[PDB]
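Down below is the structure, laid out as structure tokens.
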2 protein chains.
Amino acid sequence: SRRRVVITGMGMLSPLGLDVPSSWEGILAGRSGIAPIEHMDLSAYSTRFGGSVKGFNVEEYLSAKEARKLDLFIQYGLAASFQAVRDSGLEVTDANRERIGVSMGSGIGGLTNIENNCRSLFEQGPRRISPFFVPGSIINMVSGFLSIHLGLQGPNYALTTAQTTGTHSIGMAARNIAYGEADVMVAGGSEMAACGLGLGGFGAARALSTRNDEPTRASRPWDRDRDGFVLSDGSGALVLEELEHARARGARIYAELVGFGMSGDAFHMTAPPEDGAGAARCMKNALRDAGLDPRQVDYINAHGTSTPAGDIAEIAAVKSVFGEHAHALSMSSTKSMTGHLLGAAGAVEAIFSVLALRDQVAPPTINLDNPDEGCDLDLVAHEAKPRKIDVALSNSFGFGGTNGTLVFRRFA
Amino acid sequence: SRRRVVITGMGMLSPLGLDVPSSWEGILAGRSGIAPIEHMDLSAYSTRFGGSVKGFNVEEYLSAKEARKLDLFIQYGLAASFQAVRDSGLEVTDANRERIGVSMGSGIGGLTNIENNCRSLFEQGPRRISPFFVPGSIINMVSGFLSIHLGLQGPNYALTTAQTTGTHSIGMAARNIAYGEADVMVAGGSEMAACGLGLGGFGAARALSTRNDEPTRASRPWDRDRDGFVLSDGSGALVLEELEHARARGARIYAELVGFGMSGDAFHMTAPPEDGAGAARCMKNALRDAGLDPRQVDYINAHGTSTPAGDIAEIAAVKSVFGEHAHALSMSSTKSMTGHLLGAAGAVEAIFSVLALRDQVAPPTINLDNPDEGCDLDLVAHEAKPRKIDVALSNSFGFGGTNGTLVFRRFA
Ligand SMILES: CC(C)CNC(=O)c1cc[nH]n1
Ligand SMILES: CC(C)CNC(=O)c1cc[nH]n1
């Protein structure tokens, strides 16, 4: 029946690093990747900072000629994907290429490319729209280009569930493997929404921290003085592999993906219910999916976006699911350091949860200077905490009240 | 052993009609929904026609104020979804709401809303971007809004696989039910890409027919004079239901969804391999998934987009999968009449495949006046053909060489 699914490769671009080891070092050091934005003039914007991928060189991966036609989210997705596949040691052959697929998603996709092509259309005319505009901007083309570059003939798709995308992409890819639709999936998310429409759109919703004077202090999940999320760019990709397939080739296994939960809040497009009932249903689904006692959960990588409503509803959900055990587990928001990578948030955070299992350390929630009312769990304030982690849970919640939970455990 | 999945409700907005029965009356009458586009100045564009939804009244579904918050593609997906739920007679209760989910996707999503917000951003600056710009434009908001409106707490997601979206959405929803993760899913696709960036984008890629003098004859799949696809808008939704759940409430069952296939070409971004090998793999995968012999297929609803390369490669794939049986089955492109609904193409064509089973009639390929070299199958040229149909296949192929096949069978 269901096969087991393990993680054999990981790849990342984040505001903390151009790969997983560099990003993970920043996470354990409590380093902010948040800074005033340099690539554009934001003087008319109420938010002028975020998590950029600094010093990204697409020519470490792709020819300048190809990169020129690709939105940054595609470039970032491909880079993370290429890293994950190399990290896995997998050899794509005629014998296995039909069994290897990709599910790399995005919440927003090629908004920069769309904004630039809009400029061309309105300032000049449709004769100035790029012939590459559509395939260089649409969300499924991380999966599409990665399949073309590596010869992957397996299931090829893209999820778009806003800030849940990365979590759902990994969960559904794991289901593809579990049910025998594939033996290997490259799965994760990528995002680059840091153009005028992205910063302006989230700005127009009053969703973003306006702490321009101290950008590294802006993302402060569960802190009394939090005032909305920090917009960040990048990508995470994991190589997911059927367990017996991984054993057969002698793959290095990072961890086992044991649980995946999905749910809808069915409450509000942009706001969670105050009790976090949707997050609670999702986590319980994932825990049952994993065949676990909630007391087995040692570490939660929270969605923890630094929004007033979101942070407290997530505490509410965790308290509901874990009762007294909510006081024994460690929960942290790596968004304290990375900001909110939106569609990629769940992907980089799946990787941070797996590395919490490899290194037996809970990443910190930086900036948690004054926990808010009812935020009385172990939220790993300020500094990484070495502790026993056998089971780690990663939560993502998105616009539309779409929820995803991944459960990872150490593997023998 | 998996659970069986049946279709109990369908909804649609197409260039042929504001519901399923009006659209299907057009399909079987050989009617075109293609006309010069009226909603904009297309003087600088090489294509000035497409398949618009004519006379759509969002206030039959939403308050004017809910509707102002949402891109047209979201309005269209909600319309089709509300039709399908209503058509199914399903009653959402506290007992079942956790078992009812939604997978409504889009290929390109909120291009019109992005265009309109770009105009404000460049004319007046970011203070003029709508607060609802992001949640009202993102592809998962059909799934999100439908779940909030109907109280659906089951799996909530959206696929974006370009022109394969509707096929994949329906196939993965069917997997959700087959493997016990939901009892009911609303699945399909919506698209409204007939704006400047849509006609501009595909036009820059020379992907579109430029037959501005005869818009109704532009979409001519397998015809020697074909010159690119016709851009169309609309939406398809199906209520997928676990068979025992459908029978227990006395649901009317249109057909059974017995097979789903996915594959990647891993070849080119916008053109198939000339042998259609990825499409051949995808169809074999869906037939193996259904436990069917190729000889059991009576009707194929082709991808059939009216592109020089795609039409011919789809013939090669069908000839390769079905050998001698390629000449017994009937295959037609309803895009001859509807044009290419992109992300919604596979959703409306799944509905047309189900109604081909219900009514025992292969819809025509209109405008097939001079079939091209090797286009010598039964392509149902010009006129609907009544015939035995026990098994219908629906193919969708999209940018990145992402392929999906659905297999439907008569339910007695
Ligand atoms: C609905 C919003 C956009 C995201 N939701 C959360 O932040 C959350 C927290 C607890 N449950 N959902
Ligand atoms: C790969 C493009 C975007 C579409 N694909 C086809 O048209 C096709 C035909 C036979 N096999 N693939």
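To be explicit about the labels: the chains of the structure tokens are called A, B, and onward in the order shown, and within each one the residues are counted from 1, while ligands get numbers from 1 in the order they are shown.
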
Close residues, residue 197 of chain B itself excluded, 12 Å, only C-alpha atoms, min 5 positions apart in chain, as a compact mmCIF listing (two decimals) with C-alpha atoms, in the first residue's frame:
```
# COMPACT_ATOMS: atom_id res chain seq x y z
CA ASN A 113 8.38 39.91 -15.28
CA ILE A 114 4.62 40.73 -15.48
CA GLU A 115 5.22 44.26 -14.12
CA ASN A 116 8.10 44.87 -16.63
CA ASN A 117 5.98 43.56 -19.55
CA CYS A 118 3.08 45.78 -18.34
CA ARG A 119 5.47 48.81 -18.46
CA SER A 120 6.37 47.83 -22.09
CA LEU A 121 2.67 47.42 -23.01
CA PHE A 122 1.45 50.74 -21.47
CA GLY A 125 2.72 49.04 -26.96
CA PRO A 126 2.15 45.29 -27.31
CA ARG A 127 4.90 45.05 -29.96
CA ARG A 128 7.39 45.50 -27.05
CA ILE A 129 6.02 42.49 -25.00
CA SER A 130 8.74 39.77 -24.72
CA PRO A 131 8.09 36.63 -26.81
CA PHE A 132 9.35 34.80 -23.62
CA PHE A 133 6.83 36.68 -21.33
CA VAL A 134 4.44 33.74 -20.82
CA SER A 137 6.58 34.15 -15.94
CA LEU B 42 -6.60 45.92 -29.96
CA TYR B 45 -2.29 43.70 -31.73
CA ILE B 108 -2.20 32.32 -15.93
CA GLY B 109 -4.50 33.60 -13.15
CA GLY B 110 -5.03 37.30 -12.44
CA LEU B 111 -3.52 38.97 -15.56
CA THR B 112 -6.44 41.43 -15.99
CA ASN B 113 -6.26 42.53 -12.32
CA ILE B 114 -2.44 42.77 -12.56
CA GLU B 115 -2.77 44.90 -15.76
CA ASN B 116 -5.28 47.21 -14.07
CA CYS B 118 -0.02 48.20 -13.12
CA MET B 192 -9.53 35.04 -18.28
CA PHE B 202 0.96 34.76 -26.79
CA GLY B 203 1.01 37.10 -29.82
CA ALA B 204 4.70 38.03 -29.15
CA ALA B 205 5.39 34.21 -29.20
CA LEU B 231 -7.38 32.47 -26.85
```

Given 7 Å and only C-alpha atoms and all ligand atoms, residues near ligand 1 as a ChimeraX atom specification: /A:268-273,276-279,309-311,313-314,317,397-401

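Each of B:13, B:262, B:199, B:186 was compared to chain A using only C-alpha atoms, and B:262 turns out to be the nearest.
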
Write out as a PyMOL selection string each polymer residue whose atoms come within 8 Å of residue 163 of chain A, counting only C-alpha atoms; drop sequence neighbours fewer than 2 positions from it. chain A and resi 107+161+165-166+341-346+396-399

Please save N, CA and C atoms of the selected residues as a PDB file, in the first residue's frame.
```pdb
ATOM      1  N   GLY A 107       3.514  31.148  -4.866  1.00  0.00           N
ATOM      2  CA  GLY A 107       2.263  31.828  -4.470  1.00  0.00           C
ATOM      3  C   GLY A 107       1.852  32.834  -5.541  1.00  0.00           C
ATOM      4  N   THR A 161      -0.781  27.787  -3.576  1.00  0.00           N
ATOM      5  CA  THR A 161      -1.699  27.910  -2.420  1.00  0.00           C
ATOM      6  C   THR A 161      -1.140  29.028  -1.560  1.00  0.00           C
ATOM      7  N   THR A 165       2.079  27.209  -0.237  1.00  0.00           N
ATOM      8  CA  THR A 165       2.504  26.533  -1.483  1.00  0.00           C
ATOM      9  C   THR A 165       3.642  25.531  -1.181  1.00  0.00           C
ATOM     10  N   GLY A 166       4.699  25.962  -0.491  1.00  0.00           N
ATOM     11  CA  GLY A 166       5.882  25.113  -0.307  1.00  0.00           C
ATOM     12  C   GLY A 166       5.546  23.859   0.467  1.00  0.00           C
ATOM     13  N   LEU A 341       8.906  34.137   3.011  1.00  0.00           N
ATOM     14  CA  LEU A 341       9.203  33.817   1.591  1.00  0.00           C
ATOM     15  C   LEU A 341       7.924  33.404   0.866  1.00  0.00           C
ATOM     16  N   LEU A 342       6.765  33.627   1.468  1.00  0.00           N
ATOM     17  CA  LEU A 342       5.448  33.408   0.839  1.00  0.00           C
ATOM     18  C   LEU A 342       5.392  31.980   0.292  1.00  0.00           C
ATOM     19  N   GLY A 343       5.279  31.801  -1.036  1.00  0.00           N
ATOM     20  CA  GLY A 343       5.173  30.451  -1.614  1.00  0.00           C
ATOM     21  C   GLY A 343       6.383  29.587  -1.286  1.00  0.00           C
ATOM     22  N   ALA A 344       7.541  30.177  -1.017  1.00  0.00           N
ATOM     23  CA  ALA A 344       8.742  29.391  -0.707  1.00  0.00           C
ATOM     24  C   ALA A 344       8.870  29.151   0.805  1.00  0.00           C
ATOM     25  N   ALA A 345       8.064  29.836   1.632  1.00  0.00           N
ATOM     26  CA  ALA A 345       8.217  29.812   3.108  1.00  0.00           C
ATOM     27  C   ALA A 345       8.198  28.354   3.576  1.00  0.00           C
ATOM     28  N   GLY A 346       7.223  27.580   3.108  1.00  0.00           N
ATOM     29  CA  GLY A 346       7.031  26.193   3.544  1.00  0.00           C
ATOM     30  C   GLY A 346       8.180  25.306   3.099  1.00  0.00           C
ATOM     31  N   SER A 396       2.225  25.814   7.636  1.00  0.00           N
ATOM     32  CA  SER A 396       2.017  26.934   6.690  1.00  0.00           C
ATOM     33  C   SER A 396       0.512  27.204   6.652  1.00  0.00           C
ATOM     34  N   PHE A 397       0.131  28.473   6.678  1.00  0.00           N
ATOM     35  CA  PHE A 397      -1.257  28.968   6.554  1.00  0.00           C
ATOM     36  C   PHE A 397      -1.254  30.038   5.473  1.00  0.00           C
ATOM     37  N   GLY A 398      -2.305  30.094   4.668  1.00  0.00           N
ATOM     38  CA  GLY A 398      -2.293  30.977   3.491  1.00  0.00           C
ATOM     39  C   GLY A 398      -3.599  31.717   3.317  1.00  0.00           C
ATOM     40  N   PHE A 399      -3.556  32.759   2.495  1.00  0.00           N
ATOM     41  CA  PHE A 399      -4.764  33.439   1.971  1.00  0.00           C
ATOM     42  C   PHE A 399      -5.744  32.371   1.494  1.00  0.00           C
TER      43      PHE A 399
END
```

Quick check: residues of chain A within 6 Å of chain B, only C-alpha atoms, returned as a ChimeraX atom specification. /A:126,131,133-134,140,144,147-148,151-161,200-201,204-205,262-264,266-267,400,402

Apply DSSP to the backbone of this structure and, from segment 329-410 of chain A, keep only the residues in alpha helix (DSSP H); write these as a PyMOL selection string. chain A and resi 335-338+345-359

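If you measure from each of A:62, A:187, A:356, A:316 to residue 275 of chain A using only C-alpha atoms, the closest one turns out to be A:316.
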
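If only C-alpha atoms are the atoms counted, then among A:375, A:280, A:7, A:72 the closest residue to residue 234 of chain A is A:72.
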
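Closest approach to ligand 2 from the set B:385, B:31, B:303, B:358 is made by B:303, with distances taken over only C-alpha atoms and all ligand atoms.
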
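Here the residues within segment 243-317 of chain A that DSSP labels strand (DSSP E or B) on the basis of the backbone are residues 255, 256, 257, 258, 259, 260, 261, 262, 263, 264, 299, 300 and 301 of chain A.
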
Based on the selection just made, write N, CA, C and O atoms of those residues as a JSON list (two decimals), in the first residue's frame.
```json
[["chain", "number", "residue", "atom", "x", "y", "z"],
["A", 255, "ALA", "N", 16.02, 12.39, 6.70],
["A", 255, "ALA", "CA", 14.84, 12.25, 7.58],
["A", 255, "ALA", "C", 13.73, 11.62, 6.77],
["A", 255, "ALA", "O", 13.86, 11.52, 5.51],
["A", 256, "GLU", "N", 12.72, 11.16, 7.46],
["A", 256, "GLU", "CA", 11.53, 10.54, 6.85],
["A", 256, "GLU", "C", 10.39, 11.56, 6.94],
["A", 256, "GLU", "O", 10.25, 12.20, 7.98],
["A", 257, "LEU", "N", 9.65, 11.72, 5.86],
["A", 257, "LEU", "CA", 8.43, 12.53, 5.82],
["A", 257, "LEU", "C", 7.30, 11.58, 6.21],
["A", 257, "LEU", "O", 6.89, 10.81, 5.39],
["A", 258, "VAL", "N", 6.77, 11.67, 7.43],
["A", 258, "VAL", "CA", 5.80, 10.65, 7.94],
["A", 258, "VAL", "C", 4.36, 11.17, 7.91],
["A", 258, "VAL", "O", 3.45, 10.35, 7.94],
["A", 259, "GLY", "N", 4.15, 12.48, 7.91],
["A", 259, "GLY", "CA", 2.82, 13.07, 8.08],
["A", 259, "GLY", "C", 2.60, 14.27, 7.17],
["A", 259, "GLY", "O", 3.49, 15.11, 7.02],
["A", 260, "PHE", "N", 1.43, 14.33, 6.56],
["A", 260, "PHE", "CA", 0.99, 15.49, 5.77],
["A", 260, "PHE", "C", -0.48, 15.71, 6.03],
["A", 260, "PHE", "O", -1.29, 14.76, 5.87],
["A", 261, "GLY", "N", -0.79, 16.93, 6.47],
["A", 261, "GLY", "CA", -2.16, 17.39, 6.72],
["A", 261, "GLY", "C", -2.46, 18.58, 5.85],
["A", 261, "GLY", "O", -1.53, 19.38, 5.53],
["A", 262, "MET", "N", -3.70, 18.65, 5.39],
["A", 262, "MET", "CA", -4.27, 19.82, 4.69],
["A", 262, "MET", "C", -5.59, 20.09, 5.37],
["A", 262, "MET", "O", -6.20, 19.11, 5.86],
["A", 263, "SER", "N", -6.01, 21.34, 5.35],
["A", 263, "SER", "CA", -7.37, 21.77, 5.73],
["A", 263, "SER", "C", -7.65, 23.18, 5.18],
["A", 263, "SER", "O", -6.71, 23.90, 4.75],
["A", 264, "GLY", "N", -8.93, 23.52, 5.15],
["A", 264, "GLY", "CA", -9.41, 24.89, 4.96],
["A", 264, "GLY", "C", -10.00, 25.38, 6.26],
["A", 264, "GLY", "O", -10.67, 24.55, 6.92],
["A", 299, "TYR", "N", 9.57, 19.50, 18.10],
["A", 299, "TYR", "CA", 9.88, 20.82, 17.51],
["A", 299, "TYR", "C", 8.82, 21.16, 16.49],
["A", 299, "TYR", "O", 8.52, 20.33, 15.66],
["A", 300, "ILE", "N", 8.28, 22.37, 16.57],
["A", 300, "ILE", "CA", 7.37, 22.94, 15.55],
["A", 300, "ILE", "C", 8.08, 24.12, 14.91],
["A", 300, "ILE", "O", 8.45, 25.08, 15.61],
["A", 301, "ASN", "N", 8.30, 24.04, 13.60],
["A", 301, "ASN", "CA", 8.63, 25.24, 12.81],
["A", 301, "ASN", "C", 7.30, 25.92, 12.50],
["A", 301, "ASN", "O", 6.59, 25.41, 11.65]]
```

For ligand 2, the closest of B:412, B:384, B:321, B:246 counting only C-alpha atoms and all ligand atoms is B:321

Near residue 236 of chain A, counting only C-alpha atoms, which residues have an atom at most 7 Å away, once you skip same-chain residues fewer than 3 positions from it, shown as a PyMOL selection string? chain A and resi 11-13+80+188-190+344+347-348

Can you tell me which residues surround residue 253 of chain B at a distance of at most 12 Å, considering only C-alpha atoms, apart from same-chain residues fewer than 3 positions away, and format the answer as a PyMOL selection string? chain B and resi 5-10+87-89+238-250+256-257+354-355+357-358+409-412

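If you measure from each of B:359, B:308, B:335, B:394 to ligand 2 using only C-alpha atoms and all ligand atoms, the closest one turns out to be B:308.
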
Interatomic distance between atom CA of residue 230 of chain B and atom CA of residue 208 of chain B? 5.9 Å
